[PDB]
Amino acid sequence: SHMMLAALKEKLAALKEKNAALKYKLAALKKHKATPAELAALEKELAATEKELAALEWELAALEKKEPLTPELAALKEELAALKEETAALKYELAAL
């Protein structure tokens with residue numbers, strides 16, 4: 001196995017746990033009406049996830065250039081596309097607070 005895969009798999013798992021922590025941050029803010037600073041804080045955390053997902057596409061892209069026949073290449077591209085759609089769904093939910 002490649003260390004390019006394991007480092008990519010760990011980052012895909014950590015960003016899935018960062019999205020789940022963002023879900024719980026939304027739930028708490030549906031209770032307390034929240035200040036603009038707290039609303040701007042969850043938004044800045046949302047933009048940080050979009051940046052990490054965008055650089056991960058380049059990370060996965062460098063792996064395809066040096067090893068296009070590596071197994072899990074299709075599942076890693078689909079897992080990143082799901083994380084991007086999951087992050088965007090948290091953006092629309094926040095915009096209604």
# chains A, B, ... in the order shown; residues from 1 in each chain; ligands from 1
$ residues_around --residues "region 34-45 of chain A" --least-positions-apart "2" --cutoff "8 Å" --atoms "only C-alpha atoms" --output "list in words"
residues 22, 25, 29, 32, 47, 48, 49, 91 and 94 of chain A
$ write_last_selection --atoms "N, CA and C atoms" --output "mmCIF file, in the first residue's frame"
data_model
loop_
_atom_site.group_PDB
_atom_site.id
_atom_site.type_symbol
_atom_site.label_atom_id
_atom_site.label_comp_id
_atom_site.auth_asym_id
_atom_site.auth_seq_id
_atom_site.Cartn_x
_atom_site.Cartn_y
_atom_site.Cartn_z
ATOM 1 N N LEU A 22 -19.442 20.347 12.962
ATOM 2 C CA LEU A 22 -20.173 21.516 12.486
ATOM 3 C C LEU A 22 -21.678 21.309 12.588
ATOM 4 N N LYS A 25 -22.542 22.061 16.131
ATOM 5 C CA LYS A 25 -22.476 23.497 16.377
ATOM 6 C C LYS A 25 -23.720 24.208 15.860
ATOM 7 N N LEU A 29 -26.747 26.337 18.140
ATOM 8 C CA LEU A 29 -27.076 27.707 17.772
ATOM 9 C C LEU A 29 -28.545 27.875 17.409
ATOM 10 N N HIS A 32 -29.801 28.983 21.434
ATOM 11 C CA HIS A 32 -29.482 30.377 21.711
ATOM 12 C C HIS A 32 -29.459 31.169 20.409
ATOM 13 N N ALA A 47 -15.783 28.038 5.718
ATOM 14 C CA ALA A 47 -14.864 28.374 4.636
ATOM 15 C C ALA A 47 -13.531 27.649 4.777
ATOM 16 N N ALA A 48 -13.106 27.363 6.010
ATOM 17 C CA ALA A 48 -11.869 26.615 6.207
ATOM 18 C C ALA A 48 -12.008 25.174 5.733
ATOM 19 N N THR A 49 -13.207 24.599 5.839
ATOM 20 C CA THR A 49 -13.418 23.247 5.335
ATOM 21 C C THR A 49 -13.426 23.224 3.811
ATOM 22 N N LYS A 91 -23.841 25.063 4.741
ATOM 23 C CA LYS A 91 -23.825 26.491 4.449
ATOM 24 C C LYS A 91 -25.237 27.037 4.284
ATOM 25 N N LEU A 94 -26.895 27.125 7.754
ATOM 26 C CA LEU A 94 -26.442 28.246 8.573
ATOM 27 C C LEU A 94 -27.060 29.558 8.107
#
$ residues_around --residues "residue 79 (chain A)" --least-positions-apart "3" --cutoff "12 Å" --atoms "only C-alpha atoms" --output "PDB file with N, CA, C and O atoms, in the first residue's frame"
ATOM      1  N   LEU A   8      -4.098  10.401   2.635  1.00  0.00           N
ATOM      2  CA  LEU A   8      -5.325  10.910   2.033  1.00  0.00           C
ATOM      3  C   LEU A   8      -6.553  10.368   2.751  1.00  0.00           C
ATOM      4  O   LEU A   8      -7.536  11.091   2.945  1.00  0.00           O
ATOM      5  N   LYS A   9      -6.512   9.094   3.152  1.00  0.00           N
ATOM      6  CA  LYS A   9      -7.637   8.498   3.866  1.00  0.00           C
ATOM      7  C   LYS A   9      -7.834   9.142   5.234  1.00  0.00           C
ATOM      8  O   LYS A   9      -8.972   9.330   5.678  1.00  0.00           O
ATOM      9  N   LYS A  11      -7.071  12.252   6.050  1.00  0.00           N
ATOM     10  CA  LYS A  11      -7.603  13.597   5.856  1.00  0.00           C
ATOM     11  C   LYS A  11      -9.072  13.564   5.455  1.00  0.00           C
ATOM     12  O   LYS A  11      -9.840  14.449   5.850  1.00  0.00           O
ATOM     13  N   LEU A  12      -9.481  12.556   4.680  1.00  0.00           N
ATOM     14  CA  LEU A  12     -10.894  12.401   4.353  1.00  0.00           C
ATOM     15  C   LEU A  12     -11.715  12.028   5.580  1.00  0.00           C
ATOM     16  O   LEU A  12     -12.878  12.432   5.691  1.00  0.00           O
ATOM     17  N   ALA A  13     -11.131  11.267   6.508  1.00  0.00           N
ATOM     18  CA  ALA A  13     -11.831  10.925   7.741  1.00  0.00           C
ATOM     19  C   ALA A  13     -11.881  12.104   8.704  1.00  0.00           C
ATOM     20  O   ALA A  13     -12.899  12.320   9.371  1.00  0.00           O
ATOM     21  N   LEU A  15     -11.865  15.300   7.932  1.00  0.00           N
ATOM     22  CA  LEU A  15     -12.812  16.286   7.428  1.00  0.00           C
ATOM     23  C   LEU A  15     -14.253  15.808   7.545  1.00  0.00           C
ATOM     24  O   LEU A  15     -15.167  16.638   7.574  1.00  0.00           O
ATOM     25  N   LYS A  16     -14.476  14.493   7.611  1.00  0.00           N
ATOM     26  CA  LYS A  16     -15.813  13.986   7.898  1.00  0.00           C
ATOM     27  C   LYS A  16     -16.173  14.180   9.364  1.00  0.00           C
ATOM     28  O   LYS A  16     -17.349  14.371   9.694  1.00  0.00           O
ATOM     29  N   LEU A  53     -11.004  20.957   1.526  1.00  0.00           N
ATOM     30  CA  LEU A  53     -11.534  20.051   0.513  1.00  0.00           C
ATOM     31  C   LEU A  53     -10.974  20.364  -0.869  1.00  0.00           C
ATOM     32  O   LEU A  53     -10.779  19.450  -1.678  1.00  0.00           O
ATOM     33  N   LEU A  56      -7.409  19.060  -1.029  1.00  0.00           N
ATOM     34  CA  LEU A  56      -7.421  17.602  -1.060  1.00  0.00           C
ATOM     35  C   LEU A  56      -7.651  17.080  -2.472  1.00  0.00           C
ATOM     36  O   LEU A  56      -7.166  15.996  -2.817  1.00  0.00           O
ATOM     37  N   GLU A  57      -8.397  17.826  -3.292  1.00  0.00           N
ATOM     38  CA  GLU A  57      -8.558  17.450  -4.692  1.00  0.00           C
ATOM     39  C   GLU A  57      -7.217  17.447  -5.413  1.00  0.00           C
ATOM     40  O   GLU A  57      -6.952  16.574  -6.247  1.00  0.00           O
ATOM     41  N   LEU A  60      -5.291  14.293  -4.016  1.00  0.00           N
ATOM     42  CA  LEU A  60      -5.739  13.108  -4.740  1.00  0.00           C
ATOM     43  C   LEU A  60      -5.327  13.158  -6.205  1.00  0.00           C
ATOM     44  O   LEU A  60      -5.149  12.110  -6.837  1.00  0.00           O
ATOM     45  N   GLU A  72      -8.747   2.144  -4.932  1.00  0.00           N
ATOM     46  CA  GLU A  72      -9.453   3.135  -4.108  1.00  0.00           C
ATOM     47  C   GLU A  72      -9.436   4.516  -4.753  1.00  0.00           C
ATOM     48  O   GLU A  72      -9.928   5.464  -4.136  1.00  0.00           O
ATOM     49  N   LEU A  73      -8.896   4.664  -5.965  1.00  0.00           N
ATOM     50  CA  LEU A  73      -8.883   5.975  -6.607  1.00  0.00           C
ATOM     51  C   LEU A  73     -10.297   6.459  -6.901  1.00  0.00           C
ATOM     52  O   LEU A  73     -10.604   7.645  -6.733  1.00  0.00           O
ATOM     53  N   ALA A  74     -11.176   5.552  -7.334  1.00  0.00           N
ATOM     54  CA  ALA A  74     -12.556   5.934  -7.614  1.00  0.00           C
ATOM     55  C   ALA A  74     -13.323   6.225  -6.330  1.00  0.00           C
ATOM     56  O   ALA A  74     -14.122   7.167  -6.278  1.00  0.00           O
ATOM     57  N   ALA A  75     -13.090   5.431  -5.281  1.00  0.00           N
ATOM     58  CA  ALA A  75     -13.799   5.645  -4.024  1.00  0.00           C
ATOM     59  C   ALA A  75     -13.316   6.901  -3.309  1.00  0.00           C
ATOM     60  O   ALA A  75     -14.090   7.530  -2.579  1.00  0.00           O
ATOM     61  N   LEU A  76     -12.053   7.286  -3.509  1.00  0.00           N
ATOM     62  CA  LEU A  76     -11.559   8.512  -2.892  1.00  0.00           C
ATOM     63  C   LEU A  76     -12.128   9.741  -3.589  1.00  0.00           C
ATOM     64  O   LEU A  76     -12.421  10.751  -2.939  1.00  0.00           O
ATOM     65  N   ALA A  82     -18.673  13.721  -1.974  1.00  0.00           N
ATOM     66  CA  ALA A  82     -19.702  13.685  -0.941  1.00  0.00           C
ATOM     67  C   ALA A  82     -19.413  14.701   0.157  1.00  0.00           C
ATOM     68  O   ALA A  82     -20.330  15.368   0.650  1.00  0.00           O
ATOM     69  N   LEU A  83     -18.146  14.823   0.561  1.00  0.00           N
ATOM     70  CA  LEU A  83     -17.783  15.793   1.589  1.00  0.00           C
ATOM     71  C   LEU A  83     -18.039  17.220   1.119  1.00  0.00           C
ATOM     72  O   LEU A  83     -18.430  18.083   1.915  1.00  0.00           O
ATOM     73  N   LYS A  84     -17.820  17.490  -0.170  1.00  0.00           N
ATOM     74  CA  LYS A  84     -18.095  18.820  -0.701  1.00  0.00           C
ATOM     75  C   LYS A  84     -19.588  19.120  -0.693  1.00  0.00           C
ATOM     76  O   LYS A  84     -20.001  20.239  -0.368  1.00  0.00           O
ATOM     77  N   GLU A  85     -20.413  18.134  -1.053  1.00  0.00           N
ATOM     78  CA  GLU A  85     -21.859  18.321  -1.007  1.00  0.00           C
ATOM     79  C   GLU A  85     -22.367  18.408   0.426  1.00  0.00           C
ATOM     80  O   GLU A  85     -23.346  19.114   0.694  1.00  0.00           O
ATOM     81  N   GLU A  86     -21.716  17.707   1.355  1.00  0.00           N
ATOM     82  CA  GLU A  86     -22.124  17.771   2.754  1.00  0.00           C
ATOM     83  C   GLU A  86     -21.767  19.118   3.373  1.00  0.00           C
ATOM     84  O   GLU A  86     -22.532  19.658   4.181  1.00  0.00           O
TER      85      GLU A  86
END
$ select_by_dssp --residues "chain A" --states "alpha helix (DSSP H)" --output "PyMOL selection string"
chain A and resi 3-29+36-66+73-94
$ decode --residues "region 33-54 of chain A" --atoms "N, CA, C and O atoms" --output "PDB file, in the first residue's frame"
ATOM      1  N   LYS A  33     -30.116  32.332  20.415  1.00  0.00           N
ATOM      2  CA  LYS A  33     -30.337  33.094  19.188  1.00  0.00           C
ATOM      3  C   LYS A  33     -29.041  33.488  18.488  1.00  0.00           C
ATOM      4  O   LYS A  33     -29.068  33.769  17.284  1.00  0.00           O
ATOM      5  N   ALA A  34     -27.926  33.543  19.220  1.00  0.00           N
ATOM      6  CA  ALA A  34     -26.583  33.723  18.674  1.00  0.00           C
ATOM      7  C   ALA A  34     -26.312  35.130  18.154  1.00  0.00           C
ATOM      8  O   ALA A  34     -27.167  35.756  17.520  1.00  0.00           O
ATOM      9  N   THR A  35     -25.112  35.627  18.435  1.00  0.00           N
ATOM     10  CA  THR A  35     -24.639  36.926  17.992  1.00  0.00           C
ATOM     11  C   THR A  35     -24.092  36.818  16.569  1.00  0.00           C
ATOM     12  O   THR A  35     -23.787  35.720  16.100  1.00  0.00           O
ATOM     13  N   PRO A  36     -23.975  37.940  15.847  1.00  0.00           N
ATOM     14  CA  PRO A  36     -23.304  37.884  14.537  1.00  0.00           C
ATOM     15  C   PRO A  36     -21.888  37.345  14.617  1.00  0.00           C
ATOM     16  O   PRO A  36     -21.425  36.705  13.665  1.00  0.00           O
ATOM     17  N   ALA A  37     -21.184  37.590  15.725  1.00  0.00           N
ATOM     18  CA  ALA A  37     -19.825  37.077  15.861  1.00  0.00           C
ATOM     19  C   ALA A  37     -19.824  35.555  15.920  1.00  0.00           C
ATOM     20  O   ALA A  37     -18.953  34.905  15.329  1.00  0.00           O
ATOM     21  N   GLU A  38     -20.796  34.971  16.626  1.00  0.00           N
ATOM     22  CA  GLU A  38     -20.918  33.518  16.657  1.00  0.00           C
ATOM     23  C   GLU A  38     -21.389  32.973  15.315  1.00  0.00           C
ATOM     24  O   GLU A  38     -20.991  31.871  14.921  1.00  0.00           O
ATOM     25  N   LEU A  39     -22.230  33.726  14.602  1.00  0.00           N
ATOM     26  CA  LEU A  39     -22.629  33.318  13.260  1.00  0.00           C
ATOM     27  C   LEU A  39     -21.466  33.438  12.285  1.00  0.00           C
ATOM     28  O   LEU A  39     -21.278  32.571  11.424  1.00  0.00           O
ATOM     29  N   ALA A  40     -20.676  34.508  12.401  1.00  0.00           N
ATOM     30  CA  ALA A  40     -19.496  34.657  11.559  1.00  0.00           C
ATOM     31  C   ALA A  40     -18.410  33.647  11.902  1.00  0.00           C
ATOM     32  O   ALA A  40     -17.565  33.352  11.050  1.00  0.00           O
ATOM     33  N   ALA A  41     -18.412  33.114  13.126  1.00  0.00           N
ATOM     34  CA  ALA A  41     -17.408  32.124  13.502  1.00  0.00           C
ATOM     35  C   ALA A  41     -17.681  30.778  12.839  1.00  0.00           C
ATOM     36  O   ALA A  41     -16.760  30.140  12.316  1.00  0.00           O
ATOM     37  N   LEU A  42     -18.940  30.329  12.851  1.00  0.00           N
ATOM     38  CA  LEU A  42     -19.288  29.087  12.168  1.00  0.00           C
ATOM     39  C   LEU A  42     -19.115  29.208  10.661  1.00  0.00           C
ATOM     40  O   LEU A  42     -18.805  28.217   9.991  1.00  0.00           O
ATOM     41  N   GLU A  43     -19.310  30.409  10.114  1.00  0.00           N
ATOM     42  CA  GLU A  43     -19.098  30.619   8.687  1.00  0.00           C
ATOM     43  C   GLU A  43     -17.619  30.540   8.331  1.00  0.00           C
ATOM     44  O   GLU A  43     -17.247  29.909   7.333  1.00  0.00           O
ATOM     45  N   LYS A  44     -16.761  31.169   9.138  1.00  0.00           N
ATOM     46  CA  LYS A  44     -15.324  31.082   8.905  1.00  0.00           C
ATOM     47  C   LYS A  44     -14.828  29.649   9.032  1.00  0.00           C
ATOM     48  O   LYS A  44     -13.902  29.245   8.319  1.00  0.00           O
ATOM     49  N   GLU A  45     -15.436  28.863   9.925  1.00  0.00           N
ATOM     50  CA  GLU A  45     -15.107  27.445  10.002  1.00  0.00           C
ATOM     51  C   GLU A  45     -15.633  26.685   8.791  1.00  0.00           C
ATOM     52  O   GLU A  45     -15.033  25.685   8.379  1.00  0.00           O
ATOM     53  N   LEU A  46     -16.744  27.142   8.208  1.00  0.00           N
ATOM     54  CA  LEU A  46     -17.238  26.529   6.980  1.00  0.00           C
ATOM     55  C   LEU A  46     -16.305  26.811   5.808  1.00  0.00           C
ATOM     56  O   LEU A  46     -16.043  25.922   4.990  1.00  0.00           O
ATOM     57  N   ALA A  47     -15.783  28.038   5.718  1.00  0.00           N
ATOM     58  CA  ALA A  47     -14.864  28.374   4.636  1.00  0.00           C
ATOM     59  C   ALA A  47     -13.531  27.649   4.777  1.00  0.00           C
ATOM     60  O   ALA A  47     -12.885  27.342   3.768  1.00  0.00           O
ATOM     61  N   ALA A  48     -13.106  27.363   6.010  1.00  0.00           N
ATOM     62  CA  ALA A  48     -11.869  26.615   6.207  1.00  0.00           C
ATOM     63  C   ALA A  48     -12.008  25.174   5.733  1.00  0.00           C
ATOM     64  O   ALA A  48     -11.031  24.581   5.262  1.00  0.00           O
ATOM     65  N   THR A  49     -13.207  24.599   5.839  1.00  0.00           N
ATOM     66  CA  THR A  49     -13.418  23.247   5.335  1.00  0.00           C
ATOM     67  C   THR A  49     -13.426  23.224   3.811  1.00  0.00           C
ATOM     68  O   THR A  49     -12.898  22.290   3.195  1.00  0.00           O
ATOM     69  N   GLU A  50     -14.005  24.251   3.184  1.00  0.00           N
ATOM     70  CA  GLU A  50     -14.006  24.322   1.726  1.00  0.00           C
ATOM     71  C   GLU A  50     -12.590  24.443   1.179  1.00  0.00           C
ATOM     72  O   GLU A  50     -12.277  23.899   0.113  1.00  0.00           O
ATOM     73  N   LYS A  51     -11.718  25.154   1.896  1.00  0.00           N
ATOM     74  CA  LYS A  51     -10.327  25.265   1.471  1.00  0.00           C
ATOM     75  C   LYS A  51      -9.600  23.933   1.609  1.00  0.00           C
ATOM     76  O   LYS A  51      -8.815  23.554   0.733  1.00  0.00           O
ATOM     77  N   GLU A  52      -9.847  23.210   2.704  1.00  0.00           N
ATOM     78  CA  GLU A  52      -9.209  21.912   2.893  1.00  0.00           C
ATOM     79  C   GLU A  52      -9.722  20.881   1.895  1.00  0.00           C
ATOM     80  O   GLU A  52      -8.957  20.017   1.452  1.00  0.00           O
ATOM     81  N   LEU A  53     -11.004  20.957   1.526  1.00  0.00           N
ATOM     82  CA  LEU A  53     -11.534  20.051   0.513  1.00  0.00           C
ATOM     83  C   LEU A  53     -10.974  20.364  -0.869  1.00  0.00           C
ATOM     84  O   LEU A  53     -10.779  19.450  -1.678  1.00  0.00           O
ATOM     85  N   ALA A  54     -10.703  21.640  -1.154  1.00  0.00           N
ATOM     86  CA  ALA A  54     -10.180  22.011  -2.464  1.00  0.00           C
ATOM     87  C   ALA A  54      -8.729  21.575  -2.625  1.00  0.00           C
ATOM     88  O   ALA A  54      -8.330  21.113  -3.700  1.00  0.00           O
TER      89      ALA A  54
END
